[PDB]
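Peer 1: any chance you can model this:
(5 chains, ligands or ions: 1)
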Amino acid sequence: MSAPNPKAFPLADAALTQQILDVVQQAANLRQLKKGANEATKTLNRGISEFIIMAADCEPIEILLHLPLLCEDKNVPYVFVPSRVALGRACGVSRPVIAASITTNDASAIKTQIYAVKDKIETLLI
Amino acid sequence: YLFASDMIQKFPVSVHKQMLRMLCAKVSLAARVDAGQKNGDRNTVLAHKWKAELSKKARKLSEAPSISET
Amino acid sequence: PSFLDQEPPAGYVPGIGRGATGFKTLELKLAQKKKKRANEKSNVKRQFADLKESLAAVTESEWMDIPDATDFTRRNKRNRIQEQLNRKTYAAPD
Amino acid sequence: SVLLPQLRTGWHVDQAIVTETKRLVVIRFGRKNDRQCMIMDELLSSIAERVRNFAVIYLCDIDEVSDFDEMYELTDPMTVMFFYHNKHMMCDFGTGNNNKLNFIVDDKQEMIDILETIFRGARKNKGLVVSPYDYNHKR
RNA sequence: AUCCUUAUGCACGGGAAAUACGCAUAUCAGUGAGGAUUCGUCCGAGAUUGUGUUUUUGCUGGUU
Ligand SMILES: *OP(=O)(O)OP(=O)(O)OC[C@H]1O[C@@H](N2CN(C)c3c2[nH]c(N(C)C)nc3=O)[C@H](O)[C@@H]1O
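Peer 2: Residues are numbered from 1 along each chain as shown, chains lettered A, B, ... in the order given. Here you go, the structure:
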């Protein structure tokens, strides 16, 4: 690694990242996912989001640091995962992606993976 | 309002629709930094990259193809 | 163009080597006569020439660092598309 | 014009005809100052690139090398003369001289057809070909 | 143990298209490509640039 960014918080570990990124991609294929900052910021304003994933090592980090303060008002969990390049892949994109918002459909197929991971994430926010 | 700005109308007319979009994003990136920034200390530096890119990127759009061997 | 470079013949006639197939008082007087007649009997450059002197000033570094091949109409792209559009034909239906 | 190279001795002419096995060798015989020998020098230069794969072009001046004047008989400002494997080629443009070329051809396209026709017919050892467009009226 | 969902791989069977499919020691590109708008906002991944083939690619059989 490199010095993990002090502002990065909650930071998911190795074992949670595998469980999270796997859900991301699993949602990508049902197109319940939304990738990128602005696409994610849109979600919260509307009110459809489930949780946000962000890149920890996003350079500079200040460009996404607004999401946390928005999430806390809409009561939406969030975490950082350790690299952007990995998050890029899971969304089905060649290229680096710093944020992503899974959305809501309560008829969904993957519904029970999501509640699983939010339950894990909200633990990190102590 | 952005359309009237400097970083757009200093360029040929063909590259306008490509430079709003390219600038509008970097405005919001700039504006997101401003909220983040502490009131007592505000530091520019982000802008310098985001102008450098923009002016250099706008040039390249204008430049046009290299000529081709027949 | 390797031969173009070299510069030397044998003391050789051109026709023969390849194997080629073809598919003084009066004079003086004439000259004199002609003379007896010569005795008796541009703009673009001017316009420019004046500019050409103007050039003399320019340095050899600048002569080098001159941009080289700039197209401003994207002629190549349009031409290719046009050829592709016009390639084939089709037969009209019955 | 500076695109197309020039041949400065009759010995440059002859080797240039020999060494190019697979392509036409096209030569413009005529002198720089001429009105009509400048015009052709253009219509060729524009075409020379398109055709590089089957035809090679050169420039020669009657004044620079006069060795070839009597054998091929060169009259008038310029003559276009086609060679393939040392064999002087020949085409009837409807003009009444089947050897060489004289008149100034008008379009780029109609010039490329003639080169292409000569090459294709030539490849088969045929010594005469027919120019599709016959400019007897023109010249 | 059955059953069900999505992705990927090999595959029988059924269709549609080749003005289509690619390639690049090459430019940018969710740190927002390219669009839509009822003017309030809404979609979100490719666009340039050079190039190869494109009335056809490989392979058999008949008849002369
Ligand atoms: O098919 P086989 O009998 O070979 O399965 P295994 O011998 O590999 O052994 C243990 C696994 O059996 C599966 N079973 C078997 N049964 C009868 C069964 C199983 N699982 C469930 N659930 C977990 C709902 N219910 C059952 O009634 C399991 O995979 C065992 O691991």
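Peer 1: let me see the contact set for the most centrally placed residue in chain B.
Peer 2: Centroid-nearest residue in chain B, with CA atoms, centre = their mean: residue B:54, separated by 3.5 Å. Neighbouring residues of residue B:54 by CB atoms under 8 Å, 6 or more residues apart in numbering or on different chains: B:7, B:19, B:22, B:23, B:26. From N, CA and C alone the C-beta is placed, and that goes for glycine too.
Peer 1: determine which two of the residues you listed are furthest apart.
Peer 2: B:19 and B:26 (10.5 Å; CB to CB).
Peer 1: quick one on the thing from earlier: redo the contacts of residue B:54 as TSV? Include neighbour count.
Peer 2: Formatted as TSV, the contacts of residue B:54 follow (neighbours: other CB atoms under 10 Å in any protein chain shown):
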residue	neighbour count
B:7	18
B:19	21
B:22	17
B:23	20
B:26	18
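Peer 1: nearest to residue A:115, of the residues you listed?
Peer 2: Nearest to residue A:115 among the contacts of residue B:54, counting by CB to CB, is residue B:26 at 37.4 Å.
Peer 1: show me what contacts that closest one?
Peer 2: Applying CB under 8 Å, 6+ apart, the residues near residue B:26 are B:50, B:53, B:54.
Peer 1: anything in stretch D:56-75 near chain B?
Peer 2: No: figure legend: stretch D:56-75 not in contact with chain B (CB under 8 Å from any CB of the partner chain); closest approach 14.0 Å.
Peer 1: mark which of the contacts of residue B:54 are part of helices, please.
Peer 2: Of the positions in these, B:7, B:19, B:22, B:23, B:26 sit in helices, assigned by DSSP state H.
Peer 1: closest to chain D out of these?
Peer 2: residue B:19 (37.2 Å; CB to the nearest CB).
Peer 1: picking that back up, does the residue nearest to the centre of chain B fall in a helix, a strand, or a coil region?
Peer 2: Assigned by DSSP: H, G, I helix; E, B strand; the rest coil, the conformation of residue B:54 is helix.
Peer 1: what about the residue in chain C that chain D sits nearest to, neighbour count?
Peer 2: Distances between chain C and chain D by CB to the nearest CB are smallest at residue C:14, namely 3.7 Å. Residue C:14 has 19 neighbours, counted by other CB atoms under 10 Å in any protein chain shown.
Peer 1: still on that earlier bit, tell me which of the contacts of residue B:26 is nearest to RNA strand E?
Peer 2: Of all the contacts of residue B:26, RNA strand E sits closest to residue B:53, with 6.7 Å by CB to the nearest atom of the strand.
Peer 1: would residue D:83 count as being in a strand?
Peer 2: Yes: judged by three-state DSSP, residue D:83 forms part of a strand.
Peer 1: give the contact list for it.
Peer 2: D:17, D:24, D:25, D:26, D:27, D:89.
Peer 1: from those residues, which land in helices?
Peer 2: Using DSSP H, the contacts of residue D:83 in helices are residue D:17.
Peer 1: kindly present the contacts of residue D:83 as JSON lines, with separate columns for distance to residue C:52 and neighbour count.
Peer 2: Formatted as JSON lines, the contacts of residue D:83 follow (distance: CB to CB, whole Å; neighbours: other CB atoms under 10 Å in any protein chain shown):
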{"residue": "D:17", "distance to residue C:52": "39", "neighbour count": "21"}
{"residue": "D:24", "distance to residue C:52": "39", "neighbour count": "21"}
{"residue": "D:25", "distance to residue C:52": "37", "neighbour count": "21"}
{"residue": "D:26", "distance to residue C:52": "34", "neighbour count": "22"}
{"residue": "D:27", "distance to residue C:52": "33", "neighbour count": "23"}
{"residue": "D:89", "distance to residue C:52": "43", "neighbour count": "22"}
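Peer 1: and which of the contacts of residue D:83 is nearest to RNA strand E?
Peer 2: residue D:24 (21.1 Å).
Peer 1: for that closest one, which non-adjacent residue is closest in space?
Peer 2: Spatially, and ignoring its direct neighbours in sequence, residue D:24 is nearest to residue D:55 (4.1 Å; CB to CB, 6 or more residues apart in numbering or on different chains).
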